[PDB]
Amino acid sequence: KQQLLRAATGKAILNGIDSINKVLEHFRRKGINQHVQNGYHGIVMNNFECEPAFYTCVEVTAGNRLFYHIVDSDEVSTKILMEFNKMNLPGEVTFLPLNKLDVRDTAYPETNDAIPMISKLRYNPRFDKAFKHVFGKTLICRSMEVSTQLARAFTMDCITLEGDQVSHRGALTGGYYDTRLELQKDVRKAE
């Protein structure tokens, strides 16, 4: 059951969880560093919900920011790495530190051919600056070409429901998309 997801994840990204987890239990078995375990909140992908029409654009918008780890602060963020690196473990780990986060206040264009991607995710409000960091700047646009207009005129990343992307600085991303949030759903369903 659970292994269906991991297969979609690649040893690269998995080794960073397996490792970030061995460090967590290590502090635990030794009974040191409590603030750390009391301030680790899971990865981006296990802390929000969205409707299945947006699986593709939400998933590609975020790529692997999908595994950034919500943590309380910069000090819980660093101690996990110090030991991660000391134990010479298979990287990598990225932290969204709630105490430190700094996200730019943006107002979206009153446009009727685009919607704020974040207005379509359900998540705990304790975890706001984090989701605003990952999603707080990308619109979901009506067509490949609407993306272009909006991403050029305004400072917003754009993306269609089918995954075609254009950055606010000009970068173009596109290719053939097959068929992670999907199986994250199925597995949330057992438990």
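Start at 1 and count along the sequence shown; that's the residue number.
In the deposited sequence, the stretch from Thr179 to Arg180 hides 1 to 3 residues that have no coordinates. Mean C-alpha B-factor is higher over 104-112 than over the other stretch, the pair under comparison being 73-81 and 104-112. Remark: stretch with higher mean C-alpha B factor among 123-131 and 27-35 is 27-35. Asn21: CA B factor lies in the middle third for its chain, per the PDB record. Annotation for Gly174: CA B-factor lies in the lowest third of the chain's modelled residues. Among all modelled residues in its chain, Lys137 ranks in the highest third by Cα B-factor. Per-chain ranking of the deposited C-alpha B factor places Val93 in the lowest third.
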